[PDB]
């Protein structure tokens, strides 16, 4: 059984747990940083979006970020930087008909799901300061132990 739902909050997720993210229509889904070498934001882009510059507030900064979604699925744009002064790069995309995404702190790395349902897979970004990574979660969420990653992947891919 999933642990949740939890309402949107700002907290320090424990190690070895998946945060399963369940947006409705929030532009910004998750902001995670340790304020030293990790800044990850997941943005949500609805279906049938023409290439356009959209405005997002990320870690209090006003950013204009080019997005497109030619599909009838939802896209999570994973935006990353490793330096406080840098611009965000569009690192990964999750293309989803479940509208579920993932975040986990494990093994000196921050993990997300990417690719296109139902073949979304995990990948990571490296950090020397995992313990200080804190998340503003803008959405309803659940917590799943890493031991149950297979169910977390089933949910992300099939709902």
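Residue numbers count along the first chain shown, from 1.
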Study note, to complete from the structure: Averaging the C-alpha temperature factors as deposited, the higher value of 19-27 versus 141-149 falls on 141-149
Check your understanding: Do the CA atoms of 96-104 or those of 124-132 have the higher mean B-factor in the entry?
Key -> 124-132
Check your understanding: Looking at 47, 115, 60, 32, which has the highest CA B-factor as recorded?
Key -> 60
Study note, to complete from the structure: Chain-relative C-alpha B factor for residue 54 (record values, thirds): the middle
Practice item. Report the third (lowest, middle or highest) to which the CA temperature factor of residue 8 belongs, ranking only the modelled residues of the same chain. Key: lowest
**Study point:** Ranked C-alpha temperature factor of residue 36 among modelled chain residues, by third
**Key:** highest
Study note, to complete from the structure: Entry-reported C-alpha B-factor of residue 109 relative to its chain, by third, is highest
